[PDB]
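Q:
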Amino acid sequence: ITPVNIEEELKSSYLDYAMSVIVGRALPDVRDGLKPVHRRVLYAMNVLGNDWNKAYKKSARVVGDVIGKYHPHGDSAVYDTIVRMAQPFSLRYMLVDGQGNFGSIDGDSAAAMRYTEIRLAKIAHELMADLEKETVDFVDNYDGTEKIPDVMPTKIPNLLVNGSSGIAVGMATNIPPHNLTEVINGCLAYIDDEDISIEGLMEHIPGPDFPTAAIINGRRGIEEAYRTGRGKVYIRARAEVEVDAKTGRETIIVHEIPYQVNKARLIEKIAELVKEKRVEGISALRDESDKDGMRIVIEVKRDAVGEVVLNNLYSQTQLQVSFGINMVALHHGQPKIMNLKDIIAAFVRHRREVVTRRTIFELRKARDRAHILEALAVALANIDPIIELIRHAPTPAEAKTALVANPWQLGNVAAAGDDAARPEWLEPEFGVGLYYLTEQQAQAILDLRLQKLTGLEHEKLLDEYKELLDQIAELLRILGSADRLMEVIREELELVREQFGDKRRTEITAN
Amino acid sequence: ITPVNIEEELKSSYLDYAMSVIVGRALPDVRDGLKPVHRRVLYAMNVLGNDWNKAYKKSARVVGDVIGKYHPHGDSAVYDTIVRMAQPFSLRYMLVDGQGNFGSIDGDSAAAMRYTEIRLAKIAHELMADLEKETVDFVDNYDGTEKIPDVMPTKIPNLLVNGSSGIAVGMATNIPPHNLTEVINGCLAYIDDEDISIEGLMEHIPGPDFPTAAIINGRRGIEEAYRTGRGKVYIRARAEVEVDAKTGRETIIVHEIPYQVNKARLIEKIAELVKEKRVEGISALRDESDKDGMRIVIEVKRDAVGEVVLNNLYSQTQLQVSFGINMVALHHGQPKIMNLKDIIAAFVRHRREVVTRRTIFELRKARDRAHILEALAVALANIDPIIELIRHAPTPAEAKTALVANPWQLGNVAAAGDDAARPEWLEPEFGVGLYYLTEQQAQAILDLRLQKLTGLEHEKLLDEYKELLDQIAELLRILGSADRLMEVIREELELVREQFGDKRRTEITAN
Amino acid sequence: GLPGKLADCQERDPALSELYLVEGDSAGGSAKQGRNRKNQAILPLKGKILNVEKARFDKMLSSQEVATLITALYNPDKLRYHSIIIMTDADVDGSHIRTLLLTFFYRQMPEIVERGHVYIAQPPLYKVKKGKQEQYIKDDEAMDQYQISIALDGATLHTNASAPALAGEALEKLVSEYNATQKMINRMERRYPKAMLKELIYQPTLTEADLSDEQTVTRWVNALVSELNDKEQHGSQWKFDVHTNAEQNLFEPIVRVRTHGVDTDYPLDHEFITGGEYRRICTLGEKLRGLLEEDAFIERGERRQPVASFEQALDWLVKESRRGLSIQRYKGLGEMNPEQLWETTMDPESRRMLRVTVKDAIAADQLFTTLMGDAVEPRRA
Amino acid sequence: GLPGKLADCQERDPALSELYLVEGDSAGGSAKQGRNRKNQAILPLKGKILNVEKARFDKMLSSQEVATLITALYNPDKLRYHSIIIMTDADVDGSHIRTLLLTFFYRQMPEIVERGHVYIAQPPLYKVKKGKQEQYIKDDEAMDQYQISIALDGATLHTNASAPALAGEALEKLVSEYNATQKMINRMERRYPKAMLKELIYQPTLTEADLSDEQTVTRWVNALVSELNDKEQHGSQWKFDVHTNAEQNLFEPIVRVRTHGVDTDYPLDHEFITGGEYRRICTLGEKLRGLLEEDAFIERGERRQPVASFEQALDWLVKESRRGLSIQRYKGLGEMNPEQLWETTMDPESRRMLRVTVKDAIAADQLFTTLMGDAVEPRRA
DNA sequence: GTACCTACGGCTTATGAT
DNA sequence: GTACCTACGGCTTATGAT
DNA sequence: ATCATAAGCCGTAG
DNA sequence: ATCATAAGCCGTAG
Ligand SMILES: O=c1ccc2ncc(=O)n3c2n1C[C@H]3CN1CCC(NCc2cc3c(cn2)OCCC3)CC1
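Residue numbers (my numbering), protein chains in the order written: chain A, 1 to 511; chain B, 512 to 1022; chain C, 1023 to 1403; chain D, 1404 to 1784.
#1: Bridge partners for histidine 882 (chain B) per DSSP, in chain order?
#2: If you count every other CB in all the chains shown that lies within 10 Å of the CB of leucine 691 (chain B), and 16 or more means buried, which is it?
#3: Pop quiz: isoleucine 156 (chain A) and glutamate 132 (chain A) are said to be a contact at Cβ under 8 Å. What is the actual Cβ separation, rounded to whole angstroms?
#4: Taking three-plus beta-carbon pairs below 8 Å as touching, is the segment 53–64 of chain A in contact with the segment 576–584 of chain B?
#5: Return the chain-ordered list of same chain residues with a C-beta closer than 7 Å to the C-beta of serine 601 (chain B), the five sequence neighbours on each side being excluded.
#6: If we define contact as Cβ-Cβ less than 8 Å, is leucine 990 (chain B) a contact residue for chain A?
#7: Quick check on the DSSP output: what are the complete beta strand (DSSP E) runs of length 3 or more inside the segment 369–445 of chain A, in order along the chain?
#8: Assuming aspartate 1111 (chain C) contacts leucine 1355 (chain C) under a Cβ cut-off of 8 Å, what Cβ separation, rounded to an integer in Å, is found between them?
#9: Check whether the segment 614–621 of chain B and the segment 1050–1060 of chain C are in contact - that is, three or more C-beta pairs closer than 8 Å.
#10: Does the segment 1760–1777 of chain D come close enough to the segment 1539–1557 of chain D that 3 or more CB-CB pairs lie under 8 Å?
#11: If the cut is a Cβ gap below 8 Å, which residues of chain B does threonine 454 (chain A) touch?
#12: Quick check on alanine 346 (chain A) - is its C-beta less than 8 Å from some C-beta in chain B?
#13: For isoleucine 678 (chain B), does the count of other Cβ atoms within 10 angstroms reach 16, so buried, or fall short, so exposed?
#14: Using a C-beta to C-beta distance shorter than 9 Å, which residues of chain D count as neighbours of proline 939 (chain B)?
#15: When you compare the CB positions of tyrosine 1522 (chain D) and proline 1417 (chain D), do they come within less than 8 Å of one another, or not?
#16: Let me make sure I understand the geometry here. Which of C:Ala1192, C:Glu1045, C:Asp1263, C:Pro1275 has the alpha-carbon closest to that of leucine 1233 (chain C)?
#17: Against chain B, with Cβ distances strictly below 8 Å, would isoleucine 1 (chain A) count as a contact?
#18: Would you tell me roughly how many angstroms separate the C-alpha atoms of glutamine 1167 (chain C) and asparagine 5 (chain A), rounded to the nearest one?
#19: Using 8 Å as the limit for Cβ to Cβ distance, is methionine 1210 (chain C) near chain A?
#20: Are there any heavy atoms of ligand 1 lying less than 7 Å away from the beta-carbon of residue 512 (chain A), as far as the coordinates show?
#21: Spell out a yes or no on whether the segment 1703–1713 of chain D and the segment 1548–1565 of chain D are touching, meaning 3 or more CB-CB pairs, one atom from each, closer than 8 Å.
#22: At the level of alpha carbons, what is the spacing between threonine 1662 (chain D) and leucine 1603 (chain D)?
#23: Find the residues of chain A that neighbour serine 1433 (chain D), judging by a C-beta separation of less than 7 Å, and give them in chain order.
#24: Where DSSP assigns a beta bridge to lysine 133 (chain A), which residues make up the other side?
#25: Of all the CB atoms in chain C, is at least one closer than 8 Å to the CB of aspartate 619 (chain B)?
#26: For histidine 204 (chain A), collect the residues of the same chain with a Cβ closer than 8 Å to its Cβ; drop the 5 residues on either side in sequence, then sort them by chain order.
#27: Could you give the DSSP three-state label for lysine 57 (chain A): helix, strand or coil?
#28: Run through chain B and tell me which residues come within less than 7 Å of residue 1785 (chain D), C-beta to C-beta.
#29: Ordered along the chain, which non-local residues of its own chain (more than five positions away) have a Cβ less than 6 Å from that of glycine 1012 (chain B)?
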């Protein structure tokens, strides 16, 4: 059986591959700025129960679990992704606090996956806060046996804080990091005014930030990038001349190198350039870097101003490198070039939706709790007839049915809001003193203990009931009024800022 | 600070390495015939909860868990050990039922550890039966944070069923497999008579067994091996001549090869021998092996009897290979050359000890259960005064103290063995009708529910109490009488035999 | 090249042997252990292969084992293995490496493609086992039809319509048309909300002639908004709007919905009314309202339950069908048993191969790699 | 050889630089990232190394980087790196590779060993952190003494003996002697059961002169068996036996114990009575009976509890001490931070090296590999 | 995605020496 | 115990051609 | 003197 | 013609 097939089959397969990759592998999302791999790793670490205030764990457990349940694509990629997050010099705010040889700027790779130890950091629990309260949707795994959160209910706009860099079949993205307090201030400003201009936002956010400080020259590049979505920016290292108070000679000190530069490759290339005589005025080369800060010393050839040498280096050496800012991410499962205002608006909308859903969930939970507690109190009111009715009833099911069948007296000491103290699916034929029960209520009553018969539990139940009434009233009010929701979001953002603020590292000297 | 050290330091370090290896890595134990790696793997699979009647699981989970908690020695060794057990053609009774490319006799290695699926087999749960009832001791892990069973409470003498082969610093061991029913029959015979001779045991156990059948020639070797501990044995493949009813020509058929022989290497070596003209009468070589049994066809050169060729092959070809039987194992943490009778005696002693400890544990458990149930029934007897005493008592602790303080009436309907219905640590001042309580009993009484007040729970409690009395009486009797213990062991062995018997594979033709 | 990986067969005459190409270590073991030893051959591979166009150098060569084993690379002289087949995984990387191999063959040897020697395999995709009932399923639509057939195992509905016991091929076709319409609605959901699209199932009909009376439009939109606010169990509301954008009337309804913090309108125009999607929706709505499916009784097969929603009854039936089934999905050739691999892929009586053609001379392989065709071709909108 | 792995220092003059040897990929990264860049050097290694004796061939060479980098292999001419150090893990494989390297050096270049250039490092073994209190512990006996000191943080016992408040160095020495005796008993346990060895702590004394009266021996063994049957909480019993193996008396007690299924006797002889182990046991028993430690009161430091057993009080004190401590054990050099590695191993002020000597010319390296010395030397019994 | 080095004993098989 | 090949886009840097 | 062509690296994957 | 010497492979480890 060999049915003839046209050659056009090539187009259908390749298009499928491209459409799968672009959606599922490289490009991050605007709502949280997380690739699916990072998502699944964080979810696995949370499900396993590895918080920050606990003992460390071996990498093998986490890697094996991730390969087993959620991400069936080998091990090397997953382990490299984990090692990447732990390095301080590669992320402005690390997520996976580790312990062991994680490599360094010298280009040395990390140790094997059977030596290191990892656990979450304090900032990590802020990403996955309120996960169990039904705030997002769940998606099936590869075989349809588990559930995976679609988007994390975040509290921090990670996309602008860290950014990422991926290369798809047709598109490619690149985003610089930023500072946290400035992003929070910009979000506050946009919450105050919906129609803020790009100039206003640029006033609150001067420019990017890097894990290692540097110097930035051009203002046109970052402005064009924030306004349109494309632009270029230059990065310049920090150095200066030195002359001893006495005869001595002139010497250059380098304190910090640009972003993502191998130091050993740099030293070797400089040695090669000096050997090739392409550069002038360099005699030797040494190193003094230690555990107190990086320090490179270059000895200037005698009778040379050295500043022309420094300019020639800046022209030819890796000490000055460009950077291809290009903002591309997914908005509804489709790549779209998006500027700053769009990102901020998306973040705000996501936060609103999460807050609303969490509020609804907590309201329903408190409603059901109060509904059970009411019947429990009513049962506690009349005890002796229920005692006799149970003692006479041969069958527990028959006792439940008898409890359901008869009304109840509702003593005076037993006896809130006009409504909203009862669930939605409850029918108006219950709770019309006069009072009736339900099968669920009767089972709850039968599931009592004897410790509930002292002069403490009565007051405890009354207090719990009053507290639940107050809470459900507050929740109904916060659902009703949108200004209250805005105030809540503002307070949460201010708290996050006060908790996790810090100072600037880089510096922007305009031309 | 450099203190002078003698050169003799070499002896102390090497001796430590040898003493560690010999005890912990290679040599198995006489009590279960299991290397520590197999032990830890089985224990991890049991703790994870992967039984035989459940769905499969990925190898990555198990490997990562074993590396993480119990066996910190990399991954390749562990995965190779797991793959070794799954192969049918390498163990007489496999333990790890798997699914995927596990290699074959052609020498092809198994697939990566991210494709296969594994789970325990039905015979595996017989190795680890009654593990939680405190039958063996627990040893700390490498960091002192977990517990590991020392020896498995087995029901099968695995050492004689499968055997192993390891190479230590000074010693080396090798043991052939056997058949199950014959070992069980020998154990029964030794249980009947303590002073059986080697000739008697040799009558019940003719000889070894292999996963793939073969032919064995020498009886002297296996006899000397069973009697002393050392000996040699020959293995001969099965083949025959074939002549068609008509003219045709003579042809050789091979059905099965000896133990542990690569088929591809064999074919290549035979082709080389034919090419070198060292052997005569061979024209060509073909293959017909399929999914219905291995089949190798060799075309005899015309005008050759071929039997001289067959004898020359048996002399030179791998079709006849020797085997170095050498029985060495650990008896109390020390290597000792041990014969058959010693192994059987050790197995019987281990089984006796396990049975006794399990019986003691179950006795104590039933004792405590009955002790609680007695007080619960006594409380159920008098209900109304306890109701009033709880209703008046403000504090639950004060109510407990009041319940402890006063004696009780012990109504006539409320009212076994002369003794043994009460725990050991219980003092004679309780239960002198007259009756007193305990803090534990009072907490149990306070931990009652209302469902215990129907005309069903009374009879259920009475039935449970009678059953527990009968059970504790039976346990005391089985602890008292050793003939009962022997009968129990005999019945268990007969049941195991009837469950897991099978037929012979190999065959022994004496010279 | 010739040793190491290639494992030929007993026969040496070409035009009768078969050759395969797979991922090396994982799949080749099972392939060798399950194949035939008469007229079968296997050539494993390592990872991926460089493009012919993106990097073109007659000196650029790393493996070359393919050419070395197939011919001398020219081709009419030596013609061994007149039949070649490409087995590849069912993931996306499988299709990727498939496309790479196909463009390699096309841009290297056009004659071997023209003379019909390349073939494509079709591995199964799903293994469904319901106790004794096993099933090999290879396609998504096949799996869908199988699930539908299992859910529709001869059920019999009892409404109060003209049919005392509605059942059979009529019900099957009705459920199929409903599923097609639901898929179409889910596809168009990207444009408009889902509440209105789902409620127009039960809402009455509509016609361009209704733009005369304002009261008809008002009653229609009021009923719609009232039923929406009734069915709204989440945190949202619904409001109506009547607008006149014409010289005299051209009445056009407008719906005002208030989600979390911002309202959004959705006007109705002549183009929306005339759209074939809305036409199909109205046809299905009329067909479903002509049913009177309120008091219903369908059993499959030992239990029946009356509900008030056709889709809820369908969901209950699907749940009853999917209670106790088992499905295994093979996500790699190095995962199944060798005998299963044989029986499902390389049995000259049970396999289902696929042949390639040379239809035209086109520039698809040119737009392949210029980055401009790459940027423009994804117009799947 | 010279490139690839070796990372020398700035200084080129020998007799001032340091060289190290470790396992390559895991440890070398941390070593490089934590070392100094003035007079330090690192040479990673791969796996294990072949023996010099078991396989001797001047042509047999695989790495040779050690020789190539150290000298020209002859040695008086080039003498670079006058100081070499061997860092190695604390496991058993560490000691194994250490022995291999040492025998290599010895059988290749005797002069470099004679002139005192080889050194051995001593990495720490335990990291104990009690809140603020940190501690680096390198040895098992050091860890034991540390645990003892933590458990004995100035406690004060109150018995009814001659000392109103027994405490201090006397109690420390008593606990130390008790621990030594318990270790000796655990070592000798391989011979005799443990119940009798533990009960002779509190049982009265004994003397060879007691073989005169049969009643003295009878009373002694009766008290012993009665206390054993009292303390027996497991499934066992105890029975006595009186035997006369002499011309007249030479009375010798015999104990009959019944375990699970088989009884076992344990006679008492003149050699057992005179044994120094039994003598130490009797001395300790007399010292402990001269205490009257029944009504006791020891506090450490905010709680005290009276018990009836000195060992039970000791166990309670150990438990109270070990309630809330933290211990990290480094089982590999590629596990700690680079700064910690620096401070604990390669600080010219804090490190603790070790020097090797050339004492005699012996055949230890000959008995190394002949399989006969290998079979005979493990006489650790 | 994939190949090639070492230890440890006891068996053999191949090969050149006396 | 450990090293070296491939895809995918966008940036650069080096190098020889016109 | 000015332009076309060949490389290397960044992160998930094989 | 008969004996001493050098190899290869089996399974947990590096
Ligand atoms: O394929 C090759 C070919 C040659 C080669 N040379 C050196 C080398 O180091 N390697 C070479 N290779 C490859 C690599 C060895 N590779 C084997 C697989 C291993 N897998 C690591 C692992 C996986 C898992 C673990 C732990 N570790 O636990 C969880 C479950 C999965 C990593 C090292």
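The beta-carbon is built from N, C-alpha and C at its ideal position, and this holds for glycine as well.
A: Taking the structure as given:
#1: DSSP, once it has assigned bridges, lists no residue as partnering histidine 882 (chain B).
#2: buried
#3: Not quite, the Cβ-Cβ distance comes to about 19 Å (not below 8 Å), so this is no contact.
#4: Enough Cβ pairs lie closer than 8 Å, so yes.
#5: Closer than 7 Å at Cβ, skipping near neighbours: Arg595, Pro722.
#6: no
#7: none
#8: Correct: roughly 6 Å between the Cβ atoms.
#9: A contact between stretches requires three or more CB pairs, one per stretch, nearer than 8 Å, and the segment 614–621 of chain B meets this requirement with the segment 1050–1060 of chain C.
#10: no
#11: Residues of chain B passing the Cβ test: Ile901, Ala904, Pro905, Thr906, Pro907, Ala910.
#12: no
#13: exposed
#14: Those within 9 Å of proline 939 (chain B) in chain D number zero; the least Cβ separation is about 16 Å.
#15: no
#16: C:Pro1275
#17: Not closer than 8 Å to any Cβ of chain B, the Cβ of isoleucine 1 (chain A) fails to qualify, so no.
#18: 24 Å
#19: no
#20: Past the boundaries of the shown model lies residue 512 (chain A); chain A is included only from 1 to 511, so the question cannot be answered.
#21: yes
#22: 20 Å
#23: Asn101
#24: For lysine 133 (chain A), which the question treats as bridged, DSSP gives no partner whatsoever.
#25: By this cut-off, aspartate 619 (chain B) is an interface position.
#26: Here the set comprises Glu182, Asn185, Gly186, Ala189.
#27: strand
#28: Here chain D has residues from 1404 to 1784 only, and residue 1785 (chain D) is not among them.
#29: For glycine 1012 (chain B), where only same-chain residues beyond five positions count, the Cβ hits under 6 Å are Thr692.
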